[PDB]
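Before any comments, here is the structure.
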Amino acid sequence: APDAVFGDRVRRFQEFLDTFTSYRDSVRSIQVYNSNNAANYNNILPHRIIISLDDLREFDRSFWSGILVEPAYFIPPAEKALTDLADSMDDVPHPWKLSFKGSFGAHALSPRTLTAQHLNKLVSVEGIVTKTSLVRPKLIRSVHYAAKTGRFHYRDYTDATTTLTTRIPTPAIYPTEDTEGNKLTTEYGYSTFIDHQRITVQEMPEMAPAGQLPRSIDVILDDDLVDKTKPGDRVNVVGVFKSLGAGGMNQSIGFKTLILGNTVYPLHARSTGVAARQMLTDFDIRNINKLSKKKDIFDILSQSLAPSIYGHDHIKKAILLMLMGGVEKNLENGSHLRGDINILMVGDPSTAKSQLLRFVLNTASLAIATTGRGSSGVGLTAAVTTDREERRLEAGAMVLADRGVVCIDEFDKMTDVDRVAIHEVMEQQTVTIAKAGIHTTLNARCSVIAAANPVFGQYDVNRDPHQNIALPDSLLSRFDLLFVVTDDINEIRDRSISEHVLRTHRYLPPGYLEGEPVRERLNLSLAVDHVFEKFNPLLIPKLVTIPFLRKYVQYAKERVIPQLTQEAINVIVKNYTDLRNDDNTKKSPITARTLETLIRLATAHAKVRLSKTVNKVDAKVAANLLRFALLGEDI
Amino acid sequence: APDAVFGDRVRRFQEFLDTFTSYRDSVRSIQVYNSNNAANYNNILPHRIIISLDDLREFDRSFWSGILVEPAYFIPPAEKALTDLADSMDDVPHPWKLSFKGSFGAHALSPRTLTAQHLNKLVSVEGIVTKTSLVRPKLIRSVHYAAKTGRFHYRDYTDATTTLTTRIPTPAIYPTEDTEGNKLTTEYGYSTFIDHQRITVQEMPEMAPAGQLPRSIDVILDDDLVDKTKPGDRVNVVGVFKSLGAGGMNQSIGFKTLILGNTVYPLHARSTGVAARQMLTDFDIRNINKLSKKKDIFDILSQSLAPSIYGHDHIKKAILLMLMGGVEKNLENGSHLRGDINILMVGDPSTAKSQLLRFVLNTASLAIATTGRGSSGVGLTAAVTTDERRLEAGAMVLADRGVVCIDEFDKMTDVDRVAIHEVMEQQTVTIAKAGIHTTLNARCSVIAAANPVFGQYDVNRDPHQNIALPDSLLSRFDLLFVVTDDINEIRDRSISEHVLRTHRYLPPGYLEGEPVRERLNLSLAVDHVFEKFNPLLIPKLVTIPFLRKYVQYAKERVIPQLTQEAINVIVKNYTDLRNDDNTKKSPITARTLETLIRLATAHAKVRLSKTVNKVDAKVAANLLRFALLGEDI
Amino acid sequence: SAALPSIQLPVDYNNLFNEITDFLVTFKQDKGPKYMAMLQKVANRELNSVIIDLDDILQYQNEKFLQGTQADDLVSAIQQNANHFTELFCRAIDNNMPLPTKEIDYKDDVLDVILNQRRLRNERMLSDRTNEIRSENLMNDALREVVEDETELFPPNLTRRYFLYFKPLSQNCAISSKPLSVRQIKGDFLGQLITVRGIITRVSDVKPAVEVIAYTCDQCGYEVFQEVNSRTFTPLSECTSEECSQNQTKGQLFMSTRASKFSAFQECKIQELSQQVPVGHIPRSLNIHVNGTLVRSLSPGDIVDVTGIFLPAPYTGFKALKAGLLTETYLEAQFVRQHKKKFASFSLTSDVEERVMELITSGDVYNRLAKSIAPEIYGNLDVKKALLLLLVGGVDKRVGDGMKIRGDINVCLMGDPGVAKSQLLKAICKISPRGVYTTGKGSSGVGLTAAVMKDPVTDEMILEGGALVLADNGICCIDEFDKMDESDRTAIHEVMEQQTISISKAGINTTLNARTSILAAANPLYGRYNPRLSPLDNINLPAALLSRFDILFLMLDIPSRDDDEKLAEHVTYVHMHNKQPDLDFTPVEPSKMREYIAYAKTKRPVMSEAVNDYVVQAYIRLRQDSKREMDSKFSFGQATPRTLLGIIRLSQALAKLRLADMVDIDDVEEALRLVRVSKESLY
Ligand SMILES: Nc1ncnc2c1ncn2[C@@H]1O[C@H](COP(=O)(O)OP(=O)(O)O)[C@@H](O)[C@H]1O
Ligand SMILES: Nc1ncnc2c1ncn2[C@@H]1O[C@H](COP(=O)(O)OP(=O)(O)O)[C@@H](O)[C@H]1O
Ligand SMILES: Nc1ncnc2c1ncn2[C@@H]1O[C@H](COP(=O)(O)OP(=O)(O)O)[C@@H](O)[C@H]1O
Ligand code: BEF
Ligand code: BEF
Ligand code: BEF
Ligand SMILES: [Mg+2]
Ligand SMILES: [Mg+2]
Ligand SMILES: [Mg+2]
Ligand SMILES: [Zn+2]
């Protein structure tokens with residue numbers, strides 16, 4: 001039966017939608033995209049929309065408060081309003097659903113603070129996904145065919161979790177036979193099945209109370225929201241905190257509670273599998289294109305990687321090339337050629353190697369940080385968990401770092417057995433299980449960066465590098481660039497270091513006082529003012545802001561796919577032959593991996609310059625980096 | 001829960017309605033009439049339409065057989081289609097209901113033949129209405145008001161009768177409190193109520209077997225169908241023969257069976273309460289006016305009444321005037337003046353007095369036939385039931401605006417005539433008996449027949465001894481005729497040829513020796529002008545249904561008024577009738593003056609004249625003189 | 001009809017049924033109509049499978065559309081509601097079933113004789129009822145319907161023996177054509193006909209699944225059949241036939257396994273490939289219910305495109321997690337296409353004969369096939385020849401006494417880091433139809449254990465095979481051999497020699513059968529080879545293990561200004577164009593490689609007196625030479641009786657490559673050349 005208050009709320013929400021034409025434009029974009037993809041074939045984009053709760057609160061405080069604290073009565077009117085708006089807009093010949101973003105005030109919670117006095121309210125819980133039930137479709141309407149009468153019959157189905165309002169519980173039995181008594185045959189493919197997935201969100205360990213058992217809450221995701229995340233992610237699941245069941249009051253201890261999902265936001269956090277994408281405005285793309293024209297673009301970018309750290313410019317250039325990466329090559333026969341470059345730093349203590357690793361973790365889109373032995377060989381790669389609910393596979397560090405970076409620290413302390421398992425991931429970029437009857441080849445296309453002090457604490461010039469490094473020759477071969485750094489007591493260099501350090505420690509953030517302690521920011525970025533930074537610890541180049549550098553890397557990796565040229569090929573071949581057939585007691589062994597890393601470094605430099613082809617200058621720069629790494633020559 | 005079969009039936013009926021545009025035009029007329037009625041205020045026709053089932057059978061045999069056999073699955077789709085058509089037509093910013101006319105084949109039954117095999121089938125039953133329940137409202141929607149919130153809440157009710165298909169039984173709980181516990185104040189005047197009436201139809205006495213108990217069926221009427229019948233009417237109710245209730249199958253001898261009402265037709269019959277209205281086409285109206293322009297229109301019409309009856313021309317003219325009737329005067333202060341002509345026929349045996357009465361019974365718009373001793377003063381006037389103490393309308397009350405044909409008036413008891421006095425003169429029936437003080441209204445004109453007291457009218461004695469009736473009663477009768485069967489060779493011969501010609505009459509399509517079959521002739525209440533065969537063998541004789549049409553048109557359309565030339569003629573005629581002694585068959589009172597005025601008005605009606613002229617007064621005076629003096633010019 | 005509404009659906013089933021019958025009767029462009037011929041074949045009990053090709057249906061539709069007659073998209077309708085069309089097609093087959101042309105003999109199987117008995121009994125019942133009603137004395141045109149109404153006969157489903165399967169429309173015709181990953185099998189595709197592409201991990205044993213269970217009630221002499229359409233069911237107690245339910249007689253009914261209907265059933269489990277898995281996720285699996293004659297067409301480790309019907313099943317998990325009518329899903333297999341054809345399934349059909357002889361006429365098949373494998377790798381040609389010999393394999397000898405010789409080659413690829421050993425192993429994995437790429441340590445520890453576990457489907461305690469068993473009749477492609485635990489090397493000993501794995505641990509007392517050819521890539525002791533140390537001290541293999549390797553390459557990296565730039569130019573060309581540099585060379589496609597190698601495997605060449613005399617002389621000189629310098633800095637151990645046997649195996653496989661069916665001197669000379677040049681890279 002029609003309700004007047006329902007229609008009033010529908011009208012109010014239609015007025016809100018007409019007020020903020022952004023949502024109407026977004027709906028039109030959805031519909032035109034679906035129609036175009038239908039016409040192209042003679043990915044359908046889902047029937048959903050995002051509502052800025054701040055905009056709604058500005059428009060109508062009553063409606064905003066109603067959705068926030070009385071969602072079961074306010075959301076369905078708004079969804080119906082959206083559906084009517086879509087139907088009216090779709091002049092071209094399954095209701096739409098809402099999604100919410102904005103500030104939820106006191107309702108922004110975590111699975112520990114999710115108490116009963118938030119029930120039946122729209123909440124925005126944040127945590128780490130720990131379990132994801134496999135997507136099991138749900139039967140909402142079953143179509144049957146009657147052989148005798150030759151007509152199709154249907155019945156609709158529903159449950160408690162489908163509807164925000166409590167529809168009158170009606171038993172849902174399956175129509176075995178028709179009213180006249182004829183036999184009925186189920187018609188799959190005409191019946192409508194909808195997806196359904198139960199995921200469990202646990203409080204994030206980054207803010208969970210240490211030493212106490214965790215708290216978990218179940219989330220029921222349906223339709224477009226299924227398979228949105230995987231275990232080990234960080235999510236911001238906003239939805240209605242429904243409470244279900246009889247609570248045991250019916251004569252058969254508490255009420256079962258769960259969150260009906262409206263929106264799922266995978267959140268980027270350091271050393272997590274969720275990649276950190278960023279929005280590129282036309283202004284940002286224009287700035288990137290203009291800045292790529294400069295001849296000193298490589299130097300300008302490289303200086304910006306670690307402004308805090310003095311010197312190590314070649315290491316910074318190598319790190320930037322790693323962030324850009326190379327192009328992996330796949331051939332018809334099935335062979336896969338590595339397109340990722342690995343960097344190893346070996347040097348004296350307090351040489352800022354761990355600082356560089358931490359920055360790489362803090363600036364890459366997808367980076368995973370591990371220590372020496374805390375992440376064992378089982379911790380790296382992957383291994384079977386032998387879960388009783390059977391023989392599941394759990395992805396270790398490197399599998400979770402696919403298309404990303406792994407920042408291994410204290411590589412020297414690693415167990416020999418642990419470093420045995422790393423060879424295949426380094427070179428073939430795959431992890432083969434072949435264990436317990438499970439034969440699987442996980443994809444691990446990760447770039448590895450490691451820091452490790454020499455065995456004798458400080459690098460020994462008197463001893464040969466083979467004695468100091470003590471790493472297996474194969475492992476050193478797999479590492480593209482093997483930097484051997486030292487803490488050399490030089491008056492000018494050391495006093496410059498002191499100048500830089502004291503300049504860095506004398507920094508006051510703009511929104512701060514003198515004695516005001518700096519407040520830690522978790523900075524859980526969500527996976528979805530000038531270019532240059534005025535502050536500079538090192539003085540006169542132009543240093544770019546770290547977020548702008550992230551935008552530049554994100555643009556360059558996707559847009560540009562460089563290809564080699566004969567001119568660059570000749571230079572690469574000459575450098576490779578000269579390295580192989582000249583003996584200058586190089587730090588690393590010289591093999592075909594050196595040729596491969598020359599190619600990859602040239603490709604990375606080409607990507608930095610946003611060039612569709614690899615040129616001579618890229619080859620020269622790559623050769624210079626390699627010679628600096630091995631011989632130490634610097635021009 | 002939209003259904004494909006329902007939608008297909010709906011679109012099929014919409015195609016049917018589009019094919020036969022007459023129903024569309026009728027719906028448009030109903031809509032524009034209602035809009036115009038609302039316009040005058042800055043009656044309401046019901047949202048119903050009559051469907052000719054014959055046209056549906058022609059257009060779509062399958063859908064027709066579906067309506068007749070299983071109306072539950074077919075009538076609602078048709079009603080939805082009609083509602084959609086009405087909404088689409090009503091572009092100007094309560095569903096429509098559907099009604100049926102036509103042939104029902106083997107489903108046209110009587111209450112005796114409503115066997116269970118006809119259940120769930122559209123039946124057309126015919127019978128007599130015995131009991132009618134009071135028209136009660138039925139609650140279908142109840143609007144409530146929450147004092148605190150200030151929002152009006154409503155609920156919709158239903159029951160098995162109001163819908164054809166069996167719905168899931170939801171108990172009717174009156175909302176006393178809001179969903180949040182707030183008190184609710186019921187809002188009468190905003191909630192919707194539907195009139196509901198149950199009538200019982202019993203087998204028609206004319207067709208019922210004699211000496212056996214009658215059989216009856218119950219009819220449930222709703223909304224606009226309520227109070228369309230009077231107890232004792234003959235009706236043709238058509239509707240679904242639904243069966244209701246668990247019928248004892250559920251643990252506490254058959255099933256409650258009743259005819260849900262779709263349409264009710266008051267069937268006119270001989271000597272019943274329902275009148276017979278004849279549809280007047282523009283062709284009929286033009287013919288009526290053209291014939292009215294004729295000079296001897298009165299003679300033509302009067303000779304057309306009983307062609308099979310020779311002579312009695314003046315009696316026929318009097319009967320024609322009685323059928324036409326005079327105008328009724330209700331003065332401003334409140335007084336009442338009778339406007340009907342009563343006729344009394346006193347004569348010897350076999351002078352055709354009864355056959356004329358039977359003709360009047362068969363041809364008047366509303367006539368009731370009674371005999372003298374069989375029908376008492378309880379039969380006439382009205383009676384109290386004492387069952388609580390309800391009034392049973394008698395013969396004279398039922399015949400309001402009609403004619404009462406009493407036979408064997410001489411035989412009827414003196415107490416009965418004492419009762420009939422007031423009805424004949426004041427045209428009211430007063431009860432004031434057993435604590436029931438009401439004045440029933442019976443404005444009827446009486447025609448009667450009586451034998452003379454000595455078996456035959458012996459002219460040797462005075463008229464008083466032959467008539468043997470109270471003087472006041474004879475004063476009531478406007479025209480008193482005495483007919484004597486006197487032997488005359490020329491008249492006897494002419495009567496013989498006339499009667500013989502009547503006996504050797506052949507129907508249009510019957511064989512010479514074929515037996516003629518009678519028919520009940522149950523006309524439905526709502527070919528040329530003249531008649532091919534004239535038994536008296538030139539003055540044209542009009543066809544008797546055309547005469548009924550003429551009488552109806554004259555009675556409805558024309559209301560004559562007296563004029564000075566007439567006044568003078570009537571005054572002089574009354575004066576010289578009163579002051580001259582000629583041994584009149586009746587005494588002269590002011591009632592004779594009223595009779596002269598009434599006959600003049602009736603004659604003016606016959607000519608379709610808005611005024612009474614000298615010729616009408618002359619005709620009235622001559623007719624009254626023939627009645628009283630027994631002589632004419 | 002309030003409870004169950006109706007829908008106007010575009011599809012009509014009677015017109016489609018008539019179209020199906022017409023297509024079955026009059027399709028012959030592929031000696032009469034193809035499917036009528038197949039039905040005639042099935043009637044004679046020669047064939048028990050009917051495969052309806054959707055490509056044939058599309059061709060029939062198209063040809064009927066050119067002439068003018070409108071034909072509904074029957075192929076599209078099958079692609080949308082395939083399950084109903086199986087019933088439509090089986091009814092059509094029953095309506096057009098030809099009469100058998102040969103009667104029932106004693107050699108025929110039990111199901112055929114039971115079905116023939118059922119058909120004869122049905123005909124006898126119908127004829128008896130017709131005779132009775134004719135004698136009642138009340139034309140056969142009217143009588144047939146009356147008799148059919150009044151008769152109680154054996155239904156068509158219990159009187160048919162053929163199994164019916166579809167075949168997806170081929171991709172070359174331009175939704176069933178497109179192979180879908182497991183992740184892309186959403187709830188939208190339920191009920192359709194889809195093709196899933198992925199690896200097969202677990203296949204259950206073939207067990208009898210009940211379709212209809214037959215009970216016998218001897219009191220009334222009626223056979224009552226209860227259909228079973230779930231994982232479980234319930235037997236009966238009262239004969240539900242007409243008499244026992246009607247009369248006061250209450251007949252006891254008993255099951256009859258032989259009279260009941262069964263079907264070969266297998267609950268396989270397909271898994272997502274590494275290419276289909278998105279970035280950062282792990283592969284997920286989908287269950288396959290292989291039924292009917294299609295059983296044993298899927299084995300673990302196969303890479304297939306199974307086409308089937310994505311049907312739902314009632315939820316089977318815990319009831320608390322249930323929220324609404326949740327459905328578990330599976331895929332009822334219809335057609336199986338193997339990406340890599342098995343060696344044991346090679347038939348020299350005329351077409352395979354022509355592709356093969358075209359390879360023969362190319363000339364120098366040995367060298368072309370050797371250079372063909374992994375063209376992106378330059379300058380390592382002897383190793384490619386050795387790997388080709390490994391693929392071909394020698395000849396297994398089982399003398400009448402009982403001695404069995406291995407007949408397979410075990411190659412090792414010891415060498416310096418960065419000489420593309422792992423890429424050679426991965427290439428071999430690509431060409432080889434079956435082979436596990438076992439690598440490293442720790443993972444191998446349980447990949448060779450082969451312990452015991454309970455199968456969910458049948459509750460059988462099936463042993464689980466490790467990597468080596470899964471690589472039966474394949475190539476084990478063990479990578480990083482030197483860095484792998486000694487415990488597994490102990491098993492590798494027996495696998496290489498006896499071709500079987502003997503396990504006598506707690507709970508298991510069997511001897512597994514693992515006929516495998518092992519390819520091993522490893523680095524020498526101390527990583528890069530040190531020329532100063534002796535090869536045996538630097539290879540680090542014990543004399544027992546090294547003896548089992550037929551060829552042990554050295555693949556030492558020795559820089560040179562010429563070869564280095566050759567390799568650099570080759571690699572730069574490979575990077576700048578995704579193709580091997582050699583313009584004039586033609587790298588054979590891997591399918592043709594497999595086909596020729598498979599033809600070669602069928603041949604089993606034998607030896608000639610001159611050949612074995614030359615081999616004996618070679619063995620004598622090799623033994624004496626090995627003894628002479630067994631204590632030198634250029635020693636390679638001491639030749640063993642196996643060393644000749646290896647020579648024999650290489651010569652036999654080389655003969656197989658020429659398909660000579662008899663070994664010549666040139667084969668032995670080439671084999672000795674390979675064995676000698678396997679160690680010439682250290683100079
Ligand atoms: N070249 C440098 N420029 C700036 N700070 C430096 C430099 N070298 C070392 N430091 C500082 O010294 C400390 C040690 O750096 P860290 O990365 O922990 O050293 P390690 O190489 O032992 O891991 C840090 O606080 C870092 O900021
Ligand atoms: N003048 C007449 N013309 C024709 N028929 C007549 C005439 N007079 C009598 N009859 C016939 O004589 C019969 C007696 O008529 P009826 O009305 O019964 O007489 P009564 O006056 O005794 O009631 C009827 O059949 C009627 O047709
Ligand atoms: N002869 C060669 N031809 C082609 N690529 C080679 C060759 N030698 C080395 N490479 C390259 O060097 C790298 C070493 O590959 P891989 O097989 O892992 O080496 P290994 O297993 O011998 O240590 C790969 O990028 C490979 O393409
Ligand atoms: F002292 Be450091 F962390 F190498
Ligand atoms: F003989 Be009658 F009916 F006056
Ligand atoms: F360095 Be390689 F994998 F032998
Ligand atoms: Mg450190
Ligand atoms: Mg009489
Ligand atoms: Mg390797
Ligand atoms: Zn029985």
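Counting begins at 1 with the first residue displayed.
Looking at the header, which is where the method is noted, we find electron microscopy, 3.8 Å.
Cβ coordinates are placed from backbone N, Cα and C, and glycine is handled just like the others.
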Annotated range (Swiss-Prot: motif 'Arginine finger') out of A:9-12, A:249-252, A:477-480: A:477-480
Residue, out of the binding-site residues A:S350, A:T351, A:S354, whose Cβ gathers the largest set of other Cβ atoms within 10 Å: A:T351
Sequence-remote partners of the motif 'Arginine finger' (A:477-480) [C-beta within less than 8 Å, at least six residues beyond its ends]: 341-344, 423, 426-427, 448, 450, 588-589, 591, 593, 597, 600-601
Fewest other Cβ within 10 angstroms of its own Cβ, chosen from the binding-site residues A:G347, A:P349, A:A352: A:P349
Output field, ATP shell: CB within 8 Å of site CB centroid, site A:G347, A:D348, A:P349, A:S350, A:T351, A:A352, A:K353, A:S354 dropped: A:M345, A:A451, A:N453, A:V485, A:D487
Reduced DSSP assignment, A:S354 (ATP binding site): helix
Contacting binding-site residues, sequence order - A:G347, A:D348, A:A352, A:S354 vs ligand 4, Cβ under 6 Å: A:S354
DSSP helix/strand/coil residue counts for the motif 'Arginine finger' (A:477-480): 2 helix, 0 strand, 2 coil
Listed binding-site residues with Cβ under 6 Å from ligand 7, out of A:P349, A:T351, A:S354: A:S354
Spatial neighbours, same chain, of A:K353 (ATP binding site) - Cβ under 8 Å, 6+ residues apart: A:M345, A:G347, A:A451, A:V485
For A:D348 (ATP binding site), the number of other Cβ atoms found within 10 Å of its own Cβ: 16
Sequence-ordered binding-site residues from A:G347, A:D348, A:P349, A:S350, A:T351, A:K353 with Cβ under 6 Å of an atom of ligand 10: none
